[PDB]
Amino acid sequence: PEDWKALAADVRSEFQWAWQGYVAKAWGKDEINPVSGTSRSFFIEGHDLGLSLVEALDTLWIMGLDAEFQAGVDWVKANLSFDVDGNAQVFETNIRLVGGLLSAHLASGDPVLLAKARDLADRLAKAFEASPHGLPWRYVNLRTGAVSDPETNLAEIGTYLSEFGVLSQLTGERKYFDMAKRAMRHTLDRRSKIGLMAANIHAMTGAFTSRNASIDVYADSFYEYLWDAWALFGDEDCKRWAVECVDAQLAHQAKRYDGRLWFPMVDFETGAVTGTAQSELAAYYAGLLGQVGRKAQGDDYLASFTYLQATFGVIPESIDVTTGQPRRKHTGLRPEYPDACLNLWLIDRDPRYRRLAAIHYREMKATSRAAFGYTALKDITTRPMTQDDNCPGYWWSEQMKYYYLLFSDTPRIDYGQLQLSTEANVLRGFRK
């Protein structure tokens, strides 16, 4: 039988080794390219904001990598400024930087990390204020407030309430919670008679710009943040809306192909199937199904992705649901499978979820390890699988934390109170 504590130690060792590569090759920069041993920018070309450092902080603290955590916190306090004449994508900036500063604040108690999270949220608020509906524009200039691109989508208007609602709790100012909730209510009030929303929306007209309902591309984390706002804030509207939206998806989007459960895109009014693609991103939804009281359905959905892992090694970035085969050969070093394994495991503690996640971690080690860290893949169909040259910022917050939480039973987390954002930032449950 597997020694889960020895596996947790191995995860921690690999994470510390990756951190050392970041310090050596990419210190203060947004992402490491771990094959070349170089860095790249994420938000603003040539004006890095320490993205991967910020994304790593709560993971380092949970693992007891205290010297490394403090080195990162001290860098942020000396160096990280948002008074920058450049355009930032509102969605990415909130889930990665506001959320990463909040989880590091909650772990450490350090007021400067909260001050920086709040400064950044106030710059992002200008994107919501530029719409008469309160729907955020996709980009905002961090210094001047000027906005660009109102042709947005459910994920990019509806993935704010966890971070903004925690800011409201800590600061006492309800304006953040209210701004985030108003944008979600807009699209919920425009549900069709069958209970679905199209995934594409215009921030100035307030109207849908497509007819496609989705659980993945353009939409994923909207549905997650409805449940999460009930769990974090006790919001009764969000509890109702979470269950309503998922029951509409199970009635009109759930379809079986070759005996396996999938959720293709459909016309939001008629329910006709409008696409045959499913993203790897959709695997999050197996865990959301369990959280909202649909665990049998969640397990059935997880099984579709378990099939893909057993057949292809690495889950394909996109599949055709009619054949079960890849639509793309590259990957993004994606975290959604161990996300779902952790969320289902928190319900019943079944060791099956540990065995499935251990396969996923061992496959990551066999395919993505490079000279100075872990990289996304070029082609999952060759042997060996060929590599690209990038460690995405979300790797530092997500799958190494998921594996460690599944295997370590760490005393630094109250597992009964644990709450994670869509970027895996811990927003409740630290034990100091």
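From 1 onward, residues are counted along the sequence shown.
K.L.:
Mean Cα B factor from the PDB record: higher for 378-386, or higher for 58-66?
P.N.:
Averaged over C-alpha atoms, the B-factors run higher in 378-386.
K.L.:
Please compare 222-230 with 80-88 and name the stretch with the higher mean C-alpha B-factor in the deposited structure.
P.N.:
The entry gives the higher C-alpha B-factor average to 80-88.
K.L.:
In this PDB entry, which of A286, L97, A310, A251 has the top CA B-factor?
P.N.:
In this record, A251 carries the highest C-alpha B-factor of the candidates.
K.L.:
Quick one: which of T274, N343, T93, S168 shows the highest Cα temperature factor in the PDB entry?
P.N.:
Within the set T274, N343, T93, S168, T274 shows the top C-alpha B-factor.
K.L.:
Using the B-factor values recorded in the entry, state whether the Cα atom of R40 falls in the lowest, middle or highest third among the modelled residues of its chain.
P.N.:
Within its chain, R40 is a middle-third residue by C-alpha B-factor, going by the deposited values.
K.L.:
Looking at the temperature factor on the CA atom of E163, which third of the chain's modelled residues does it land in?
P.N.:
For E163, whose C-alpha B-factor we compare with every modelled residue in the chain, the answer is the lowest third.
K.L.:
Test of reading the entry: by CA B factor among the chain's modelled residues, which third contains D300?
P.N.:
Its C-alpha B-factor belongs to the middle third of this chain's values.
K.L.:
For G373, return the chain-relative third of its C-alpha B-factor as stated in the PDB record: lowest, middle or highest.
P.N.:
Middle third - that is where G373 ends up once the chain's C-alpha B-factors are sorted.
K.L.:
Report the third (lowest, middle or highest) to which the CA temperature factor of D339 belongs, ranking only the modelled residues of the same chain.
P.N.:
Bottom third by C-alpha B-factor.
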